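Chains here go by letter, A, B, C, D, E and F, matching the order in which they are written, and residues are numbered from 1 within each.
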Amino acid sequence: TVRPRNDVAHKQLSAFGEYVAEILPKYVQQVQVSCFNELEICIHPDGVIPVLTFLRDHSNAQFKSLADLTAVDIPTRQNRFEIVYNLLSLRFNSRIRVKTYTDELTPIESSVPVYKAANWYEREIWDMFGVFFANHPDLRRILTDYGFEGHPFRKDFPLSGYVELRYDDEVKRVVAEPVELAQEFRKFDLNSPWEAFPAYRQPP
Amino acid sequence: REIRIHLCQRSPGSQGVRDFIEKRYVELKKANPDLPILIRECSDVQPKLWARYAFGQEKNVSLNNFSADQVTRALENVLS
Amino acid sequence: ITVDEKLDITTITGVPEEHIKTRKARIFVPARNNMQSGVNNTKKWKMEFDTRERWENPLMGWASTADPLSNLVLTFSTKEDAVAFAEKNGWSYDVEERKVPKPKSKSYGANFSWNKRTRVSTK
Amino acid sequence: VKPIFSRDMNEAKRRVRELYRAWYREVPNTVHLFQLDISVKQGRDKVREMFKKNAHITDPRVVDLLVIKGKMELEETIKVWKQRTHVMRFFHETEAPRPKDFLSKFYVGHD
Amino acid sequence: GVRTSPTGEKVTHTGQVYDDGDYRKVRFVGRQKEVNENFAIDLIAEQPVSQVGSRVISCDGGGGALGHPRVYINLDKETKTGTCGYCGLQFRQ
Amino acid sequence: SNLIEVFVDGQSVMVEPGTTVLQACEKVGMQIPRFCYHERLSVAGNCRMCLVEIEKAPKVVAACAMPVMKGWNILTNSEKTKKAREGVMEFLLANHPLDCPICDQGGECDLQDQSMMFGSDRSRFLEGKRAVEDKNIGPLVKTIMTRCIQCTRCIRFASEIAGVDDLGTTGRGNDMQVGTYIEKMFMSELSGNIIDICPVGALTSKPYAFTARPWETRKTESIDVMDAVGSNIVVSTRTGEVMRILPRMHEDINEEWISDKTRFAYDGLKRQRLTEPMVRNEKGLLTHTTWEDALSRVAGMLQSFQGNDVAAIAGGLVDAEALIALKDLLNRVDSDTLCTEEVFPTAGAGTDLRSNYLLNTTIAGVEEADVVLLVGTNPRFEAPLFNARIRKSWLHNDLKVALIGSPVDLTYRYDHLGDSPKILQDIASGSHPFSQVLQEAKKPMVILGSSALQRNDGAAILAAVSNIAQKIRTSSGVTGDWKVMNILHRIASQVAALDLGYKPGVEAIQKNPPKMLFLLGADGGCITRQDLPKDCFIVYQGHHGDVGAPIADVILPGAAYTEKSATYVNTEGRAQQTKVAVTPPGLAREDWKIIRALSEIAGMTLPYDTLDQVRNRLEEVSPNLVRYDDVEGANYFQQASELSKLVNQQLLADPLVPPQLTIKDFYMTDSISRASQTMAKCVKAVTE
């Protein structure tokens, strides 16, 4: 049939859903998810460094490269932040996701000794989300202003901000900051009634 | 000027309060015709006889787990 | 090693200016539309803040607002989770109970009644 | 078993004392090297009003996170980054605020 | 097309005369007000009513070239000519 | 114990016998696409869209029709169920015009949401498309019958619940027109709900017409004022303007419908309203002044006068926050003599005890009633939502309703027991047409209207209800927890004022004339130039000033029901909190802020800082208005009946007739709907 995509390598990739799980720590594994030839593993925050030393230079799983270090902010759970370490193997040609969970204000074990690229993405998470990282060298603000309040992404505060309007007013050199007036964002109440998808709805 | 009393649907603090509401309150309307005595309460809360004074004052008296004879005595002292 | 577990109420550290204490949150599940007869917007909690002053701008015709925290809708799975998140932010919340649809026995046999006055006239 | 950020209960307060000691010595550096702007005396008063807002000490985690945040927003002016008087001005001077009163706010336009 | 105000400024498509006490009139002092010469309201009545033989006719601008969704109009009523929701075009019989 | 185990896609679910396939699917979380079926309305298998295939069956059955028996595996996502939904959707849209841009319904449309998800991507259709001649139904409802999918839902609405009987199917096949054949101008109660009943853009609101699309307007929940029942309706705002008001589903407030006089009159709040504070000039006419200057002129008289010579007359569009603040400004600064606009009896413990002030029986409790012995009142004119509830209690369950006191047009039956106050006195004793039915009943309820109560025979009608109710319930009628007497207040503020501690009626102002009267939202004819025999100094504070506003010295502008965020009391006795949807126009302020600023300008200042501070002070005065959306029944009804019976009063000679006893009478009422472009157009066409 024309229009959908076919999958065949799902069973070959599902073996890692058993392989990493057969190492069997309550310290690491917890829950394993696999869909459309991609693996998602969510790992307890206490162990991150010993988890990422594995899958690195290991004979069966040789990743060595960290491409993305994205973070998911979600208010539904008690653990607010879901930091996703996206790894890519160049020897075996496969992608894996090392998910974690952190609450409002708890430090995670940062992967500075494991990955040399992590530190730049680690500064980005501390800016956008406010998730502090332990054993990190020089934690600095990159994207935010040098006098910025709050954390730019957090779903707690609005899209427009708080110190948005900047005048060149009566003071000769000083640019104004604390004025909070802006043009209104038309938040369209668009959400379609009737559930479009089966095998997703959960009973109360 | 008007007196107000809080009554609950629960058992504690309303065993003696409802007894004053059924036996004493019916006679209280006959005893004090000019002075308005309104006790309109049904929500689950701690009972209190918060009665307003003549002008620019309000005093609240506790009625939690009080005796039926003690409730009639406290209401008589508050009225004077 | 070294736990130092302390039990205390949540406080706002990464918080904006004095506007949290004045604004009140209304964590209430959104009601189904009058015209649209589908339940998908329901069964999910929404924490919408109370709307402040809005006026027509002298620049053109749009209605610009000074209030920053207004145009945000949050999602929650549980009523207890939404109440805990509101206390964590700092803002005072007024929670409303979810109005569940009552099960009414609507049978087709009632339309063609003999003794009952529930007989449907003209189809 | 549980994360502690940096310090446990008592030592976190001593870190604030360490932070206040360092930031009190940096206000002459933000006038002579940076720009005069206001005053040396008013600059030290700008410190006091910032810490008076943080009177709600309840957790070791909340205090330590504010210390780490304080070791960046006040560390910015030690190793001088681009601000040029327009940035790093915490005190509001351009805008005049309305006082909290039932007769004053209702006359102007609030809530 | 539209009637000129006693104040000075010309009225638009809708009756939009600025108030005498209103301060929003300084904008048109010096620089001219852009008011369209062709008014759409008068152009509806200007177009003649076309005659239909059959009961139901479908309205179109000019096929797929001129933008119009194909709407069928019922012509059972004798009084008041039937018009589509898009054009000001009217149909009889 | 009356439970059947069945499978939805192989998953176990327990259901009551008699329930439909769609009702069983709602339990697990599934929702089958529908067009005829409604939660409040009856069942019809017209459209045949809710097709769901159960295994081991040759034909696919509808979710509307079939009752669930033992052992069924209902397959929602089978090969045949998907083909059934895709098939019928193509039939529904084959003869339906391309009107989505010109359609009044946008994202809310049921055909749009379902055809995208369940229907096919492309249509086989080449030639056809029927066209339907539109019928002008009314000035309130715009009707384009070309878009109608002949679903038969409005026809069932007008017949079973509204009880008007005008809409009906005429013709066969394609040539079938929904509507009235005789071209009759359809105008009745609950007619502003038929626009929400219709799933497609066939029936729509004419006053609203074209302003915003469903996705564009931000929804906000609020309790509707100027109605006795107090229906919940989500008000939509499109950038600082109230565009449309649509009802939300609620168990207590009748059903999922709003009143016809409440829904259509959205433009009334926007047409005429006080923007700037107006004070009486030296010439005579009222002129616009500054907020600091206008308050100083009002405080100069308020602080000067002291004693019983200062009284406030408030009623109509008044809030609970306004009630707690005006009582704190009058009783504390001077002697308390505050009066209510609506007349209510207070001779035999009227204001005292919650059982006498408000209706004892719940608004949802009308369904579980054996016989309703209503007093001289019109349910069609006053509270259309309560009249629908009484009709639904009559349609679903067998219950004989009796209405004594002037015959009027009603949706139910008749069974009127004369038209006299003497007939009510005979009903208390061993009556011949009545009393016998009241004695042999499961749960009888007597509903006394405020329309007859606000007359010369106030205490006489109250004693007949207390004497009649006391002799019926206590003797043999009531068997446990059951209400006997009910009072439904016509005014919106009348139920709230009695609970707070306001003196009901204008008799308090008539007995002793005040020097300066601060009438908060004066609408009813109680205070006038002839009524007050001194220098006026009248202060008017309320939104939309047409009547009462010219006879005032210092008028201060206030916020409407959509503006101010404050609690409101229902007829049953429930506090519903309203949220602010739009900012007040001009220099107008909130009701709680207006009285607090007046105290701040004067010497004596009331303890209030914020909305939370005003809510805390309101909780201390009355705990019933503290908890939102929670109603509790009042105790000791026999004690209140004994105190009321002590007073002696003669019955009136004139029959108990309602002031509003017409279909056109319930269009322009209570002054709030009087200054409206939509209501005045409807009332003029009602006679013509």
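In the analysis below, a contact is a pair of C-beta atoms (placed from the backbone, for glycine too) under 8 Å apart; a residue touches a chain by one contact, two chains touch by 3 or more.
Chain identities (UniProt): A = NADH dehydrogenase [ubiquinone] iron-sulfur protein 3, mitochondrial; B = NADH dehydrogenase [ubiquinone] 1 alpha subcomplex subunit 2; C = NADH dehydrogenase [ubiquinone] iron-sulfur protein 4, mitochondrial; D = NADH dehydrogenase [ubiquinone] 1 alpha subcomplex subunit 6; E = NADH dehydrogenase [ubiquinone] iron-sulfur protein 6, mitochondrial; F = NADH-ubiquinone oxidoreductase 75 kDa subunit, mitochondrial.
In summary, the chains found to touch both chain D and chain E are F.
In terms of Cα centroid distance from the overall Cα mean, chain C ranks first. Seen from the Cα centre of chain A, the chain whose own Cα centre is farthest off is B. Mean C-alpha positions place chain B and chain F at a centre distance of 35 Å. Between the CA-based centres of chain E and chain F the separation comes to 40 Å, rounded to the whole angstrom.
Chain A and chain C, compared by their mean Cα positions, are separated by 27 Å.
Taking each chain's centre as the average of its CA atoms, chain D and chain F sit 54 Å apart. Residue numbers of chain A whose C-beta contacts span two or more other chains: 105, 178, 184, 187, 192-195, 204. Among the residues of chain C, those in touch with two or more other chains are 13-14, 22, 32-33, 36-40, 43, 52-54, 62-63.
The multi-chain contact residues of chain B, meaning those touching 2 or more other chains, do not exist; every residue touches at most one other chain. A complete list of chain pairs in contact reads A-C, A-D, A-F, B-F, C-D, C-F, D-F, E-F.
By the touch criterion stated above, chain A contacts chain D in their complex at residues 105-107, 132, 134, 139-141, 145-147, 167, 169-171, 173-179.
Interface residues of chain A, counted against chain F in their complex, comprise 184, 186-190, 192-196, 198, 201-204.
For chain F in complex with chain A, the residues that touch the partner chain are 28-31, 33, 76-77, 107, 113-114, 116-117, 214-219, 239. Residue ranges of chain F in contact with chain D, taken from their complex: 291-292, 587, 589-590, 593, 596-597, 599-601, 605, 608-609, 611. Residues of chain F that touch chain B in their complex: 331-336, 349, 351-354, 357, 499, 501, 604, 620-624, 626-627, 630, 632-636, 639, 642-643, 646.
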